[PDB]
Amino acid sequence: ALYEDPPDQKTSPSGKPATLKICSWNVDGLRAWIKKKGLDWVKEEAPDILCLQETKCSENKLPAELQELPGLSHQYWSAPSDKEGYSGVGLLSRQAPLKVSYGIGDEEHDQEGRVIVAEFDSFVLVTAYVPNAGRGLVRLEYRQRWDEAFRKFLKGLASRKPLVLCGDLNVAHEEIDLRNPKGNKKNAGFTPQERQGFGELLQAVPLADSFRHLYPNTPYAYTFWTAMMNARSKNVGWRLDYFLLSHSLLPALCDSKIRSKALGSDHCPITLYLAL
DNA sequence: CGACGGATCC
DNA sequence: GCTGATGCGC
DNA sequence: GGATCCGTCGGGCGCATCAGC
Ligand SMILES: [Mn+2]
């Protein structure tokens, strides 16, 4: 029931060494995460690109430590427009992207600081903090509209350039992706509509779930544990955080990691190795 | 959203 | 202008 | 009585505003 992520596979299936290391982390409050030493872990992980979700922090209030990241110089941020203190995403990059945009090209879905798009030479990186359907499923209908628009946006992106989508997609795709599937069939994150949404995304773009592609039969691998129930200590969790890849990037896939041991949030980090 | 308790069936 | 109480969104 | 299925609900974070000093 407890889980230990296998060691880092650093070469591609054809032997090419990894050249790109991307780390994604819902930090449950950027300023608190930094207080709990989250950036010390980042320095030890040394990613080429760091995506952050649920920063809950406007660009004006970003801590100063973020300016002391010598290898993550190019920092892009997005915050909600209506009010402060919820959602928010960041993208920090060792090299400058050719182009950075925000949102998914749809007004209704572009107000809550949820999506950053960074275009590199040979691939485009999207990081996302997917809207929660809420206690009582009060936002379920909205989440279904989000799912369809996100899917159409990413399908268009992937048709122009190979795509990496990372971050908190806020859904456990299959029963293997959470510890309590039958008790959660009507809870945000595991409704049949959200799981069907995820499935259509995989098929329609198409995209491959990098972790599940490499470890199709591995249960108890989670990236989130609720903070109240001290569920983390007993590994009662959900896999909400993903790297989804264009099929053309699969021969470059070296590994997709779940950094279970890294503290600082109610999500743990995930790390992608690509041999580009 | 996991712990809990109630309801239904055996 | 400061702090605690309270509410929102996970 | 136990075993399966479900519906209810308390609890707690990181953040905000604001009413009270
Ligand atoms: Mn969260």
Side-chain angles (χ1 to χ4, degrees), chain A residues 1-3 24-39 41 51-63 65-66 77-90 108-115 127-147 167-195 197 219-228 230-242 262-269:
Chain A
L2 287 166
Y3 171 81
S24 191
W25 203 348
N26 176 319
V27 295
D28 187 31
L30 165 82
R31 278 163 295 173
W33 168 75
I34 282 173
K35 277 149 151 173
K36 297 128 139 202
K37 304 277 154 192
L39 282 180
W41 187 87
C51 305
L52 302 180
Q53 304 91 34
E54 244 186 320
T55 61
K56 306 160 104 184
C57 182
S58 64
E59 199 159 344
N60 327 115
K61 319 196 180 148
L62 300 168
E65 291 92 325
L66 289 177
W77 308 93
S78 190
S81 270
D82 54 352
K83 81 205 157 174
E84 315 229 319
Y86 80 111
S87 168
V89 288
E108 189 192 349
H109 307 293
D110 283 347
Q111 258 72 245
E112 294 175 358
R114 296 189 177 273
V115 169
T127 194
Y129 174 59
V130 164
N132 192 288
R135 303 273 204 81
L137 302 186
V138 283
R139 258 209 141 177
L140 184 60
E141 207 175 341
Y142 171 72
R143 165 68 178 265
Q144 281 165 99
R145 289 197 296 283
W146 163 277
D147 279 354
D168 180 353
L169 309 193
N170 200 243
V171 57
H173 183 196
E174 295 287 351
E175 295 197 8
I176 193 165
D177 295 307
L178 77 178
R179 176 78 164 261
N180 299 325
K182 195 56 154 303
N184 282 309
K185 296 203 132 72
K186 298 198 185 188
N187 274 12
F190 203 60
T191 58
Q193 300 81 307
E194 288 165 300
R195 305 168 63 187
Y220 307 126
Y222 309 128
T223 65
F224 161 80
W225 315 256
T226 179
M228 331 165 208
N230 295 354
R232 188 165 189 164
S233 70
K234 276 196 120 269
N235 195 33
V236 186
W238 308 45
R239 206 173 50 107
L240 303 182
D241 301 271
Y242 303 77
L263 317 172
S265 162
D266 55 346
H267 300 238
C268 75

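A note on names: the letters A, B, ... follow the listed sequences, proteins ahead of strands, and every chain is numbered from 1. The figures that follow rest on heavy atoms only: side chains count, while hydrogens, waters and symmetry mates do not.
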(Q) With side-chain contact (heavy atoms from CB on, under 4.5 Å) as the test, pick out the partner of A/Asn26 among A/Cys51, A/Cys268, A/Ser265. (A) A/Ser265

Drop me the distance from [X]'s [atom1] to [Y]'s [atom2], to the nearest 0.5 angstrom.
X: A/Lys36; Y: A/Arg31; atom1: NZ; atom2: CZ; answer: 13.0 Å
X: A/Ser87; Y: A/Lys56; atom1: OG; atom2: NZ; answer: 10.5 Å
X: A/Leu30; Y: A/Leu39; atom1: CG; atom2: CG; answer: 7.5 Å

Q) If you draw a 6.0 Å radius around NZ in A/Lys185, do more than 12 non-hydrogen atoms from other residues or ligands fall strictly inside? A) yes

Q. What's the closest nucleotide to the A/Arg31 side chain, out of D/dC15, B/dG2, D/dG14?
A. D/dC15

Q | Nearest to side-chain heavy atoms of A/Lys182, which nucleotide of B/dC1, D/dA16, D/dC6 | A | D/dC6

At under 4.0 Å, does any side-chain N or O of [X] touch on OP1 or OP2 of [N]?
X: A/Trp33; N: D/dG14; result: no
X: A/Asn180; N: B/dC1; result: no
X: A/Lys35; N: D/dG14; result: no
X: A/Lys186; N: D/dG7; result: yes

Can you tell me how far [atom1] in [N] sits from the matching atom in [M], rounded to whole Å?
N: B/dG6; M: C/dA5; atom1: P; value: 35 Å
N: D/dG10; M: C/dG7; atom1: P; value: 15 Å
N: C/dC10; M: D/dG11; atom1: P; value: 22 Å

Q) A/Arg143 side chain to A/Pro131 main-chain N or O, any donor-acceptor pair under 3.5 Å? A) yes

Q) With a 4.5 Å heavy-atom cut-off, do A/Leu62 and A/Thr55 have their side chains touching? A) no

Contacts under 3.5 angstrom, residues 171-184 of chain A side chains, donor-acceptor by atom type, not counting sequence neighbours:
{"residue": "A/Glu174", "atom": "OE1", "partner": "A/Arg195", "partner atom": "NH2", "Å": "3.3"}
{"residue": "A/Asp177", "atom": "OD1", "partner": "A/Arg212", "partner atom": "NH2", "Å": "2.9"}
{"residue": "A/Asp177", "atom": "OD1", "partner": "A/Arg239", "partner atom": "NE", "Å": "2.9"}
{"residue": "A/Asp177", "atom": "OD1", "partner": "A/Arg239", "partner atom": "NH2", "Å": "2.9"}
{"residue": "A/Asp177", "atom": "OD2", "partner": "A/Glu174", "partner atom": "N", "Å": "2.8"}
{"residue": "A/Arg179", "atom": "NH1", "partner": "A/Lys234", "partner atom": "O", "Å": "3.2"}
{"residue": "A/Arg179", "atom": "NH1", "partner": "A/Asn235", "partner atom": "O", "Å": "2.9"}
{"residue": "A/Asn184", "atom": "OD1", "partner": "A/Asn187", "partner atom": "ND2", "Å": "3.2"}
{"residue": "A/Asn184", "atom": "ND2", "partner": "A/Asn180", "partner atom": "O", "Å": "2.9"}

Q) Counting any heavy atom closer than 4.0 Å, what does A/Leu30 reach on the DNA or RNA strands: base, sugar-phosphate only, or nothing? A) sugar-phosphate

As a test of reading torsions: judging only by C1'-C2'-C3'-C4', is the sugar of [N] on the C3'-endo (north) or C2'-endo (south) side?
N: D/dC15; result: north
N: D/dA16; result: north
N: D/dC13; result: north

For [X] and [N], what is the distance between atoms [atom1] and [atom2] respectively, to the nearest whole Å?
X: A/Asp82; N: D/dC15; atom1: CG; atom2: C1'; answer: 14 Å
X: A/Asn184; N: D/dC6; atom1: CG; atom2: P; answer: 14 Å
X: A/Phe224; N: D/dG14; atom1: CZ; atom2: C1'; answer: 14 Å
X: A/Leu263; N: D/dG14; atom1: CG; atom2: P; answer: 13 Å
X: A/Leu137; N: D/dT8; atom1: CG; atom2: P; answer: 12 Å

Between protein and nucleotides 4-10 of chain C, what N or O pairs are separated by less than 3.5 Å?
{"residue": "C/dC8", "atom": "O3'", "partner": "A/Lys83", "partner atom": "NZ", "Å": "3.3"}
{"residue": "C/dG9", "atom": "OP1", "partner": "A/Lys83", "partner atom": "NZ", "Å": "2.7"}
{"residue": "C/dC10", "atom": "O3'", "partner": "A/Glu54", "partner atom": "OE1", "Å": "3.0"}
{"residue": "C/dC10", "atom": "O3'", "partner": "A/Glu54", "partner atom": "OE2", "Å": "2.6"}
{"residue": "C/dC10", "atom": "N4", "partner": "A/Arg135", "partner atom": "NH2", "Å": "3.4"}

